[PDB]
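Asks: Please find my_file.csv (CSV, C-alpha atoms and all ligand atoms) on the next line:
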chain,number,residue,atom,x,y,z
A,65,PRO,CA,-2.6,-11.7,21.8
A,66,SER,CA,-4.6,-10.5,24.9
A,67,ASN,CA,-7.1,-9.1,24.6
A,68,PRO,CA,-8.2,-11.9,22.2
A,69,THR,CA,-11.5,-10.2,21.5
A,70,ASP,CA,-9.3,-7.7,19.7
A,71,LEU,CA,-9.1,-10.2,16.8
A,72,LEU,CA,-12.8,-10.6,16.4
A,73,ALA,CA,-13.3,-7.6,14.2
A,74,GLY,CA,-10.7,-8.7,11.7
A,75,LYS,CA,-12.1,-12.2,11.7
A,76,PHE,CA,-15.6,-10.8,11.1
A,77,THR,CA,-14.4,-8.6,8.3
A,78,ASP,CA,-12.4,-11.5,6.8
A,79,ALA,CA,-15.3,-13.9,6.9
A,80,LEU,CA,-17.7,-11.4,5.5
A,81,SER,CA,-15.4,-10.2,2.7
A,82,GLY,CA,-14.5,-13.8,1.9
A,83,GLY,CA,-18.2,-14.7,1.9
A,84,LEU,CA,-18.9,-12.0,-0.6
A,85,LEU,CA,-16.3,-13.2,-3.1
A,86,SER,CA,-17.3,-16.8,-2.5
A,87,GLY,CA,-20.9,-15.9,-3.1
A,88,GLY,CA,-20.1,-14.5,-6.6
A,89,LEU,CA,-20.1,-10.7,-5.8
A,90,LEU,CA,-17.9,-9.8,-8.7
A,91,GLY,CA,-19.9,-11.6,-11.3
A,92,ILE,CA,-23.1,-10.3,-9.9
A,93,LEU,CA,-21.8,-6.8,-10.2
A,94,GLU,CA,-20.6,-7.5,-13.8
A,95,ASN,CA,-24.1,-8.9,-14.7
A,96,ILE,CA,-26.3,-6.0,-13.6
A,97,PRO,CA,-28.4,-5.1,-16.7
A,98,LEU,CA,-27.6,-1.4,-16.4
A,99,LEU,CA,-28.5,-0.3,-19.9
A,100,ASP,CA,-31.8,-2.0,-19.7
A,101,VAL,CA,-32.8,-0.7,-16.3
A,102,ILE,CA,-31.9,2.7,-17.8
A,103,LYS,CA,-33.7,2.4,-21.1
A,104,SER,CA,-36.8,0.7,-19.7
A,122,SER,CA,-34.3,15.3,-22.3
A,123,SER,CA,-32.6,11.9,-22.4
A,124,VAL,CA,-33.9,10.1,-25.5
A,125,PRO,CA,-31.0,11.4,-27.6
A,126,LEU,CA,-28.2,10.4,-25.3
A,127,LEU,CA,-29.9,7.1,-24.5
A,128,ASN,CA,-30.4,6.4,-28.2
A,129,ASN,CA,-26.7,6.9,-28.9
A,130,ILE,CA,-25.6,4.2,-26.3
A,131,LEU,CA,-24.8,1.0,-28.2
A,132,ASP,CA,-24.3,-0.9,-24.9
A,133,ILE,CA,-22.7,-0.9,-21.4
A,134,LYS,CA,-20.3,-3.5,-20.1
A,135,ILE,CA,-19.3,-3.6,-16.4
A,136,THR,CA,-15.7,-4.6,-15.8
A,137,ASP,CA,-13.0,-4.6,-13.2
A,138,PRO,CA,-15.4,-5.0,-10.2
A,139,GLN,CA,-13.6,-4.4,-7.0
A,140,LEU,CA,-14.1,-5.2,-3.3
A,141,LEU,CA,-12.0,-3.0,-1.0
A,142,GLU,CA,-11.1,-3.6,2.6
A,143,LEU,CA,-14.1,-3.6,4.9
A,144,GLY,CA,-14.6,-1.0,7.6
A,145,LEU,CA,-16.2,-1.8,10.9
A,146,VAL,CA,-17.5,0.4,13.7
A,147,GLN,CA,-19.4,-0.7,16.8
A,148,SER,CA,-22.2,1.5,18.1
A,149,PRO,CA,-21.6,3.5,21.3
A,150,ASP,CA,-24.1,1.3,23.3
A,151,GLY,CA,-22.2,-1.7,22.0
A,152,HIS,CA,-25.2,-3.6,20.5
A,153,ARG,CA,-24.7,-3.0,16.8
A,154,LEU,CA,-22.0,-3.2,14.2
A,155,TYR,CA,-21.8,-1.0,11.1
A,156,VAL,CA,-19.9,-2.6,8.1
A,157,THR,CA,-18.7,-0.4,5.3
A,158,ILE,CA,-18.4,-2.4,2.1
A,159,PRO,CA,-16.5,-0.3,-0.4
A,160,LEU,CA,-17.0,-1.2,-4.1
A,161,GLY,CA,-15.4,-0.1,-7.3
A,162,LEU,CA,-16.2,-0.9,-10.9
A,163,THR,CA,-15.7,0.4,-14.4
A,164,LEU,CA,-18.5,1.2,-16.9
A,165,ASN,CA,-17.6,0.7,-20.5
A,166,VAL,CA,-20.0,2.7,-22.6
A,167,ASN,CA,-20.1,2.1,-26.3
A,168,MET,CA,-21.2,5.5,-27.6
A,169,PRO,CA,-19.9,6.0,-31.1
A,170,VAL,CA,-20.4,9.8,-31.4
A,171,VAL,CA,-17.8,10.0,-28.6
A,172,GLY,CA,-15.0,8.7,-30.9
A,173,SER,CA,-13.7,6.2,-28.3
A,174,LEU,CA,-14.9,3.7,-25.8
A,175,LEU,CA,-16.3,5.8,-22.9
A,176,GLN,CA,-14.9,4.7,-19.5
A,177,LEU,CA,-16.4,5.7,-16.2
A,178,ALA,CA,-14.8,4.8,-12.8
A,179,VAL,CA,-17.5,4.1,-10.2
A,180,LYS,CA,-17.1,4.0,-6.4
A,181,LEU,CA,-19.8,3.2,-3.9
A,182,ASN,CA,-20.0,2.1,-0.3
A,183,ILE,CA,-22.8,0.0,1.1
A,184,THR,CA,-23.4,0.3,4.9
A,185,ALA,CA,-24.8,-2.8,6.6
A,186,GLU,CA,-25.9,-2.8,10.2
A,187,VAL,CA,-25.4,-6.2,12.0
A,188,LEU,CA,-27.5,-7.1,15.0
A,189,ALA,CA,-27.6,-10.1,17.4
A,190,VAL,CA,-30.9,-11.8,18.1
A,191,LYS,CA,-32.0,-15.1,19.7
A,192,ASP,CA,-34.5,-17.4,18.0
A,193,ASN,CA,-37.7,-19.1,19.4
A,194,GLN,CA,-35.5,-22.1,20.2
A,195,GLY,CA,-32.9,-20.0,22.1
A,196,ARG,CA,-30.2,-20.0,19.3
A,197,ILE,CA,-28.4,-16.7,18.8
A,198,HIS,CA,-27.7,-15.3,15.3
A,199,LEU,CA,-26.1,-12.3,13.6
A,200,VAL,CA,-28.7,-10.7,11.3
A,201,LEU,CA,-28.8,-7.8,8.9
A,202,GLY,CA,-30.7,-4.7,10.0
A,203,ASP,CA,-30.5,-1.6,7.9
A,204,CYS,CA,-28.6,-2.0,4.6
A,205,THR,CA,-28.2,0.9,2.2
A,206,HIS,CA,-25.6,2.9,0.3
A,207,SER,CA,-23.8,5.6,2.1
A,208,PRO,CA,-24.9,9.1,1.2
A,209,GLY,CA,-22.3,10.9,-0.9
A,210,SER,CA,-20.1,7.9,-1.4
A,211,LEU,CA,-21.1,7.4,-5.0
A,212,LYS,CA,-18.3,8.6,-7.3
A,213,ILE,CA,-18.6,8.6,-11.1
A,214,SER,CA,-15.6,9.9,-13.0
A,215,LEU,CA,-15.0,9.9,-16.8
A,216,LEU,CA,-11.6,8.5,-17.6
A,217,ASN,CA,-10.0,11.0,-19.9
A,218,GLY,CA,-6.3,10.8,-19.1
A,219,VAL,CA,-4.7,13.5,-17.0
A,220,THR,CA,-7.3,16.1,-18.1
A,221,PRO,CA,-10.6,15.9,-16.2
A,222,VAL,CA,-14.0,16.3,-17.9
A,223,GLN,CA,-16.2,19.3,-17.2
A,224,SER,CA,-19.8,19.8,-18.5
A,225,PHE,CA,-19.4,17.0,-21.0
A,226,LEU,CA,-22.2,14.4,-20.7
A,227,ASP,CA,-23.5,15.5,-17.3
A,228,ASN,CA,-26.9,14.0,-18.2
A,229,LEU,CA,-25.3,10.5,-18.3
A,230,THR,CA,-23.8,10.9,-14.9
A,231,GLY,CA,-27.1,12.2,-13.6
A,232,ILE,CA,-29.1,9.1,-14.8
A,233,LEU,CA,-26.3,6.8,-13.4
A,234,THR,CA,-26.5,8.6,-10.1
A,235,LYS,CA,-30.2,7.9,-10.0
A,236,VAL,CA,-30.0,4.1,-10.8
A,237,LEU,CA,-26.6,2.7,-10.0
A,238,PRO,CA,-26.6,2.9,-6.1
A,239,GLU,CA,-30.0,1.2,-5.9
A,240,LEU,CA,-29.2,-1.7,-8.3
A,241,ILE,CA,-25.9,-2.3,-6.5
A,242,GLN,CA,-27.5,-2.3,-3.0
A,243,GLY,CA,-30.3,-4.5,-4.1
A,244,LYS,CA,-27.8,-7.0,-5.1
A,245,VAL,CA,-25.3,-6.6,-2.3
A,246,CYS,CA,-27.6,-6.5,0.8
A,247,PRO,CA,-29.3,-9.9,0.2
A,248,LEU,CA,-25.9,-11.4,-0.4
A,249,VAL,CA,-24.7,-10.0,3.0
A,250,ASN,CA,-27.7,-11.4,4.8
A,251,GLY,CA,-27.2,-14.9,3.4
A,252,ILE,CA,-23.5,-14.7,4.3
A,253,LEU,CA,-24.4,-13.7,7.8
A,254,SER,CA,-26.7,-16.6,8.2
A,255,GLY,CA,-24.0,-19.0,7.0
A,256,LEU,CA,-21.0,-17.8,9.1
A,257,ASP,CA,-18.9,-20.0,11.3
A,258,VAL,CA,-21.1,-20.8,14.2
A,259,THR,CA,-18.2,-20.2,16.6
A,260,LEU,CA,-17.5,-16.7,15.3
A,261,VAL,CA,-21.2,-16.0,15.3
A,262,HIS,CA,-21.5,-17.0,18.9
A,263,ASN,CA,-18.6,-15.1,20.2
A,264,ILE,CA,-19.5,-11.8,18.4
A,265,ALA,CA,-23.2,-12.2,19.1
A,266,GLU,CA,-22.5,-12.7,22.8
A,267,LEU,CA,-20.5,-9.5,22.8
A,268,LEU,CA,-23.1,-7.5,20.9
A,269,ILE,CA,-26.1,-8.7,22.9
A,270,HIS,CA,-24.5,-7.7,26.2
A,271,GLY,CA,-23.5,-4.3,24.8
A,272,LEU,CA,-19.9,-5.1,25.2
A,273,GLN,CA,-17.3,-3.1,23.2
A,274,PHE,CA,-14.7,-5.0,21.3
A,275,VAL,CA,-14.0,-3.1,18.0
A,276,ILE,CA,-11.0,-0.8,18.5
A,277,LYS,CA,-11.5,2.6,16.9
B,301,NA,NA,-5.1,-13.9,23.0
B,302,NA,NA,-11.6,-6.7,17.6
B,303,NA,NA,-11.1,-6.0,22.0
B,304,NA,NA,-7.7,-9.0,7.2
B,305,NA,NA,-18.3,-7.6,-17.7
B,306,NA,NA,-11.0,-7.6,-13.7
B,307,NA,NA,-25.9,3.6,20.4
B,308,NA,NA,-23.0,7.9,-30.2
B,309,NA,NA,-13.0,7.2,-21.4
B,310,NA,NA,-29.2,4.8,2.1
B,311,NA,NA,-16.6,6.5,-2.1
Could I get this structure in the form of structure tokens?
Ligand code: NA
Ligand code: NA
Ligand code: NA
Ligand code: NA
Ligand code: NA
Ligand code: NA
Ligand code: NA
Ligand code: NA
Ligand code: NA
Ligand code: NA
Ligand code: NA
Replies:
Amino acid sequence: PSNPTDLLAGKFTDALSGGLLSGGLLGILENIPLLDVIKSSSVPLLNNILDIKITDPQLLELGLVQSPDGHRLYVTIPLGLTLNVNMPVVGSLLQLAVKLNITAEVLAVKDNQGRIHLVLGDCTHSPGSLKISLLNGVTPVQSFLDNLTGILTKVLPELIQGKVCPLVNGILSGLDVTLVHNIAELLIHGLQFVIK
């Protein structure tokens, strides 16, 4: 397998992605109170929205890049989900496919007792990775309900990142101490291991 550090990236992305699902990521996404965050010239639109249900939450394969000085990792956490908008004037259940990436920077740091840990630094959604598309068959939608997509663009990334970033932090603190130690030693000495 040499060089065995080649495997660390995959192990890290496995443990993190596993941690996310073990920690209830999908249900957490499903239970965001989107229509209430949005409620509490839009009053018409908003008044014609019976409810919103979030279904088919998805975690995609994680991306990982190591910084050029070797001290930091950047994890790309790609998410998908479907918004089910009950809006009767529309004639049908309105479905929106959502995509969003969260970027989490991972750092190594030693504690007051000398123990080394992986910790979350910056954590925030990736500019321009939010995608909201109305599911209408093989024919795309143009200029229908742009206001709804606009409000969603304003609220949805922030809700999602406010749920996902704390979850990532907790997972980091609970990782396998052996994996933590090996990766953190690499990071703290600025040593490259993630293959681009
Ligand atoms: Na090896
Ligand atoms: Na690796
Ligand atoms: Na390597
Ligand atoms: Na894998
Ligand atoms: Na749901
Ligand atoms: Na599902
Ligand atoms: Na750098
Ligand atoms: Na309606
Ligand atoms: Na639809
Ligand atoms: Na951001
Ligand atoms: Na995207």
Asks: Choose the residue, out of A:231, A:151, A:88, A:144, that has the smallest atom-to-atom separation from ligand NA 303 (chain B); count all atoms listed in the file.
Replies: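 Result for the nearest residue to ligand NA 303 (chain B): A:151.
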Asks: Using all atoms listed in the file, pick whichever of A:226, A:245, A:253, A:266 has the shortest atom-to-atom distance to residue A:127.
Replies: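 Among the listed residues, A:226 lies closest to residue A:127.
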Asks: With all atoms listed in the file as the atoms that count, which of A:169, A:91, A:143, A:179 lies nearest to residue A:76?
Replies: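 Closest to residue A:76 of all the choices is A:143.
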Asks: Give one line per residue of chain A that approaches ligand NA 308 (chain B) to at most 8 Å, naming the two atoms of the closest pair and their distance in Å to one decimal, counting all atoms listed in the file; sort by chain then ascending residue number and deliver it as a Markdown table.
Replies:
| residue | atom | partner | partner_atom | distance |
| --- | --- | --- | --- | --- |
| A:126 | CA | B:NA308 | NA | 7.6 |
| A:128 | CA | B:NA308 | NA | 7.8 |
| A:129 | CA | B:NA308 | NA | 4.0 |
| A:130 | CA | B:NA308 | NA | 6.0 |
| A:131 | CA | B:NA308 | NA | 7.4 |
| A:167 | CA | B:NA308 | NA | 7.6 |
| A:168 | CA | B:NA308 | NA | 4.0 |
| A:169 | CA | B:NA308 | NA | 3.7 |
| A:170 | CA | B:NA308 | NA | 3.4 |
| A:171 | CA | B:NA308 | NA | 5.8 |
Asks: Got a sec to check which residues lie within 10 Å of ligand NA 309 (chain B), using only C-alpha atoms and all ligand atoms, and send them as a list in words?
Replies: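 Going residue by residue within 10 Å of ligand NA 309 (chain B), we get residues 164, 165, 166, 171, 172, 173, 174, 175, 176, 177, 178, 214, 215, 216, 217, 218 and 222 of chain A.
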Asks: Just to confirm, what's the straight-line distance from atom CA of residue A:163 to atom CA of residue A:240 in Å (one decimal)?
Replies: 15.0 Å
Asks: Compile the contact shell of stretch 186-189 of chain A as a list in words: residues with an atom at most 6 Å away, counting all atoms listed in the file, same-chain residues fewer than 2 positions apart removed.
Replies: residues 153, 154, 155, 198, 199, 200, 201, 202, 203, 265 and 269 of chain A
Asks: Give me the residues of chain A that have any atom at most 9 Å from an atom of ligand NA 301 (chain B); for each, the nearest atom pair and the distance in Å, rounded to one decimal. Use only C-alpha atoms and all ligand atoms, sort by chain and number, and format it as a Markdown table.
Replies:
| residue | atom | partner | partner_atom | distance |
| --- | --- | --- | --- | --- |
| A:65 | CA | B:NA301 | NA | 3.5 |
| A:66 | CA | B:NA301 | NA | 3.9 |
| A:67 | CA | B:NA301 | NA | 5.4 |
| A:68 | CA | B:NA301 | NA | 3.8 |
| A:69 | CA | B:NA301 | NA | 7.5 |
| A:70 | CA | B:NA301 | NA | 8.2 |
| A:71 | CA | B:NA301 | NA | 8.3 |
Asks: Taking all atoms listed in the file into account, which of A:90, A:260, A:276, A:233 comes nearest ligand NA 306 (chain B)?
Replies: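 Ranked by minimum distance to ligand NA 306 (chain B), first place goes to A:90.
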Asks: Would you mind listing, for every residue of chain A within 9 Å of ligand NA 311 (chain B), the two atoms forming the shortest contact and the distance between them in Å to one decimal, using all atoms listed in the file, sorted by chain and ascending residue number, as a Markdown table?
Replies:
| residue | atom | partner | partner_atom | distance |
| --- | --- | --- | --- | --- |
| A:159 | CA | B:NA311 | NA | 7.0 |
| A:160 | CA | B:NA311 | NA | 8.0 |
| A:161 | CA | B:NA311 | NA | 8.5 |
| A:179 | CA | B:NA311 | NA | 8.5 |
| A:180 | CA | B:NA311 | NA | 5.0 |
| A:181 | CA | B:NA311 | NA | 4.9 |
| A:182 | CA | B:NA311 | NA | 5.8 |
| A:207 | CA | B:NA311 | NA | 8.4 |
| A:209 | CA | B:NA311 | NA | 7.3 |
| A:210 | CA | B:NA311 | NA | 3.8 |
| A:211 | CA | B:NA311 | NA | 5.4 |
| A:212 | CA | B:NA311 | NA | 5.9 |
Asks: Select the residues contacting ligand NA 310 (chain B) at a distance of at most 9 Å, based on only C-alpha atoms and all ligand atoms, then format the selection as a ChimeraX atom specification.
Replies: /A:183-184,203-208,238-239,242
Asks: For chain A against ligand NA 307 (chain B), with a cut-off of 6 Å and counting only C-alpha atoms and all ligand atoms, what is the closest atom pair and its distance in Å to one decimal for every residue that makes the cut, ordered by chain and number, as JSON lines?
Replies:
{"residue": "A:148", "atom": "CA", "partner": "B:NA307", "partner_atom": "NA", "distance": 4.8}
{"residue": "A:149", "atom": "CA", "partner": "B:NA307", "partner_atom": "NA", "distance": 4.4}
{"residue": "A:150", "atom": "CA", "partner": "B:NA307", "partner_atom": "NA", "distance": 4.1}
Asks: Give me the chain A side of the contact with ligand NA 305 (chain B), cut-off 9 Å, one line per residue showing its nearest atom pair and distance in Å at one decimal, counting only C-alpha atoms and all ligand atoms, sorted by chain and residue number, as a Markdown table.
Replies:
| residue | atom | partner | partner_atom | distance |
| --- | --- | --- | --- | --- |
| A:91 | CA | B:NA305 | NA | 7.7 |
| A:93 | CA | B:NA305 | NA | 8.3 |
| A:94 | CA | B:NA305 | NA | 4.5 |
| A:95 | CA | B:NA305 | NA | 6.7 |
| A:133 | CA | B:NA305 | NA | 8.8 |
| A:134 | CA | B:NA305 | NA | 5.2 |
| A:135 | CA | B:NA305 | NA | 4.3 |
| A:136 | CA | B:NA305 | NA | 4.4 |
| A:137 | CA | B:NA305 | NA | 7.6 |
| A:138 | CA | B:NA305 | NA | 8.5 |
| A:164 | CA | B:NA305 | NA | 8.8 |
| A:165 | CA | B:NA305 | NA | 8.8 |
Asks: Using atom CA of residue A:252 and atom CA of residue A:83 as the two end points, give the distance in Å to one decimal.
Replies: 5.8 Å
Asks: Rounded to one decimal, what separation in Å do you get between atom CA of residue A:97 and atom CA of residue A:162?
Replies: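 Atom-to-atom, atom CA of residue A:97 to atom CA of residue A:162, that is 14.1 Å.
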Asks: Write out, as a Markdown table, each residue of chain A that has an atom at most 8 Å from ligand NA 304 (chain B), together with the closest pair of atoms and their distance in Å to one decimal, counting all atoms listed in the file, rows going by chain and rising number.
Replies:
| residue | atom | partner | partner_atom | distance |
| --- | --- | --- | --- | --- |
| A:74 | CA | B:NA304 | NA | 5.4 |
| A:75 | CA | B:NA304 | NA | 7.1 |
| A:77 | CA | B:NA304 | NA | 6.8 |
| A:78 | CA | B:NA304 | NA | 5.3 |
| A:142 | CA | B:NA304 | NA | 7.9 |
Asks: Find the residue from A:219, A:228, A:103, A:246 that sits nearest to residue A:89; use only C-alpha atoms when measuring.
Replies: A:246
Asks: So, with only C-alpha atoms as the atoms that count, which of A:236, A:145, A:213, A:248 lies closest to residue A:100?
Replies: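 Result for the nearest residue to residue A:100: A:236.
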Asks: Keeping N, CA and C atoms (and nothing else), can you write stretch 220-246 of chain A of this structure as a PDB file, in the first residue's frame?
Replies:
ATOM      1  N   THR A 220     -39.112  19.839 -19.582  1.00  0.00           N
ATOM      2  CA  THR A 220     -39.245  21.240 -19.975  1.00  0.00           C
ATOM      3  C   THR A 220     -38.904  22.135 -18.790  1.00  0.00           C
ATOM      4  N   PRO A 221     -37.804  22.888 -18.826  1.00  0.00           N
ATOM      5  CA  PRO A 221     -37.449  23.727 -17.675  1.00  0.00           C
ATOM      6  C   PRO A 221     -38.410  24.895 -17.498  1.00  0.00           C
ATOM      7  N   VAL A 222     -38.327  25.504 -16.317  1.00  0.00           N
ATOM      8  CA  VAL A 222     -39.164  26.634 -15.926  1.00  0.00           C
ATOM      9  C   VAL A 222     -38.380  27.934 -16.043  1.00  0.00           C
ATOM     10  N   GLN A 223     -39.020  28.965 -16.596  1.00  0.00           N
ATOM     11  CA  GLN A 223     -38.374  30.253 -16.828  1.00  0.00           C
ATOM     12  C   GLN A 223     -39.354  31.365 -16.461  1.00  0.00           C
ATOM     13  N   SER A 224     -38.988  32.181 -15.476  1.00  0.00           N
ATOM     14  CA  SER A 224     -39.747  33.332 -14.990  1.00  0.00           C
ATOM     15  C   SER A 224     -41.036  32.964 -14.268  1.00  0.00           C
ATOM     16  N   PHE A 225     -41.312  31.690 -14.038  1.00  0.00           N
ATOM     17  CA  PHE A 225     -42.393  31.292 -13.150  1.00  0.00           C
ATOM     18  C   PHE A 225     -41.860  31.146 -11.724  1.00  0.00           C
ATOM     19  N   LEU A 226     -42.390  31.959 -10.802  1.00  0.00           N
ATOM     20  CA  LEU A 226     -42.129  31.843  -9.354  1.00  0.00           C
ATOM     21  C   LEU A 226     -40.682  32.160  -8.971  1.00  0.00           C
ATOM     22  N   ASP A 227     -40.079  33.144  -9.642  1.00  0.00           N
ATOM     23  CA  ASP A 227     -38.723  33.540  -9.282  1.00  0.00           C
ATOM     24  C   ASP A 227     -38.669  34.055  -7.859  1.00  0.00           C
ATOM     25  N   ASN A 228     -39.762  34.640  -7.382  1.00  0.00           N
ATOM     26  CA  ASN A 228     -39.769  35.164  -6.026  1.00  0.00           C
ATOM     27  C   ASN A 228     -39.537  34.054  -5.008  1.00  0.00           C
ATOM     28  N   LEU A 229     -40.134  32.884  -5.231  1.00  0.00           N
ATOM     29  CA  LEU A 229     -39.959  31.773  -4.299  1.00  0.00           C
ATOM     30  C   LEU A 229     -38.506  31.321  -4.256  1.00  0.00           C
ATOM     31  N   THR A 230     -37.900  31.146  -5.434  1.00  0.00           N
ATOM     32  CA  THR A 230     -36.491  30.788  -5.484  1.00  0.00           C
ATOM     33  C   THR A 230     -35.635  31.857  -4.804  1.00  0.00           C
ATOM     34  N   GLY A 231     -36.011  33.135  -4.931  1.00  0.00           N
ATOM     35  CA  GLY A 231     -35.237  34.197  -4.292  1.00  0.00           C
ATOM     36  C   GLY A 231     -35.252  34.119  -2.777  1.00  0.00           C
ATOM     37  N   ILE A 232     -36.445  33.973  -2.194  1.00  0.00           N
ATOM     38  CA  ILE A 232     -36.510  33.795  -0.741  1.00  0.00           C
ATOM     39  C   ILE A 232     -35.726  32.551  -0.311  1.00  0.00           C
ATOM     40  N   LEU A 233     -35.919  31.430  -1.018  1.00  0.00           N
ATOM     41  CA  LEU A 233     -35.197  30.216  -0.645  1.00  0.00           C
ATOM     42  C   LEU A 233     -33.693  30.441  -0.693  1.00  0.00           C
ATOM     43  N   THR A 234     -33.214  31.095  -1.744  1.00  0.00           N
ATOM     44  CA  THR A 234     -31.801  31.426  -1.830  1.00  0.00           C
ATOM     45  C   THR A 234     -31.358  32.219  -0.615  1.00  0.00           C
ATOM     46  N   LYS A 235     -32.256  33.031  -0.058  1.00  0.00           N
ATOM     47  CA  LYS A 235     -31.855  33.831   1.089  1.00  0.00           C
ATOM     48  C   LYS A 235     -31.790  33.043   2.386  1.00  0.00           C
ATOM     49  N   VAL A 236     -32.625  32.022   2.568  1.00  0.00           N
ATOM     50  CA  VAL A 236     -32.765  31.385   3.878  1.00  0.00           C
ATOM     51  C   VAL A 236     -32.085  30.020   3.925  1.00  0.00           C
ATOM     52  N   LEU A 237     -32.142  29.266   2.835  1.00  0.00           N
ATOM     53  CA  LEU A 237     -31.853  27.834   2.882  1.00  0.00           C
ATOM     54  C   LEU A 237     -30.377  27.536   3.172  1.00  0.00           C
ATOM     55  N   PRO A 238     -29.413  28.217   2.552  1.00  0.00           N
ATOM     56  CA  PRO A 238     -28.006  27.913   2.861  1.00  0.00           C
ATOM     57  C   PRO A 238     -27.678  28.117   4.322  1.00  0.00           C
ATOM     58  N   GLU A 239     -28.215  29.189   4.899  1.00  0.00           N
ATOM     59  CA  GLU A 239     -27.895  29.533   6.272  1.00  0.00           C
ATOM     60  C   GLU A 239     -28.476  28.521   7.264  1.00  0.00           C
ATOM     61  N   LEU A 240     -29.740  28.116   7.081  1.00  0.00           N
ATOM     62  CA  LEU A 240     -30.327  27.070   7.926  1.00  0.00           C
ATOM     63  C   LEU A 240     -29.515  25.789   7.842  1.00  0.00           C
ATOM     64  N   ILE A 241     -29.213  25.369   6.611  1.00  0.00           N
ATOM     65  CA  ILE A 241     -28.490  24.121   6.431  1.00  0.00           C
ATOM     66  C   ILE A 241     -27.114  24.195   7.088  1.00  0.00           C
ATOM     67  N   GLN A 242     -26.404  25.317   6.941  1.00  0.00           N
ATOM     68  CA  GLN A 242     -25.050  25.344   7.490  1.00  0.00           C
ATOM     69  C   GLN A 242     -25.086  25.443   9.007  1.00  0.00           C
ATOM     70  N   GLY A 243     -26.075  26.158   9.551  1.00  0.00           N
ATOM     71  CA  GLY A 243     -26.275  26.197  10.984  1.00  0.00           C
ATOM     72  C   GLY A 243     -26.605  24.849  11.579  1.00  0.00           C
ATOM     73  N   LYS A 244     -27.167  23.936  10.791  1.00  0.00           N
ATOM     74  CA  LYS A 244     -27.290  22.585  11.331  1.00  0.00           C
ATOM     75  C   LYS A 244     -26.044  21.736  11.091  1.00  0.00           C
ATOM     76  N   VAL A 245     -25.428  21.846   9.916  1.00  0.00           N
ATOM     77  CA  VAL A 245     -24.384  20.899   9.547  1.00  0.00           C
ATOM     78  C   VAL A 245     -23.061  21.201  10.254  1.00  0.00           C
ATOM     79  N   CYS A 246     -22.704  22.470  10.408  1.00  0.00           N
ATOM     80  CA  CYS A 246     -21.405  22.798  10.990  1.00  0.00           C
ATOM     81  C   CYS A 246     -21.261  22.329  12.437  1.00  0.00           C
TER      82      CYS A 246
END
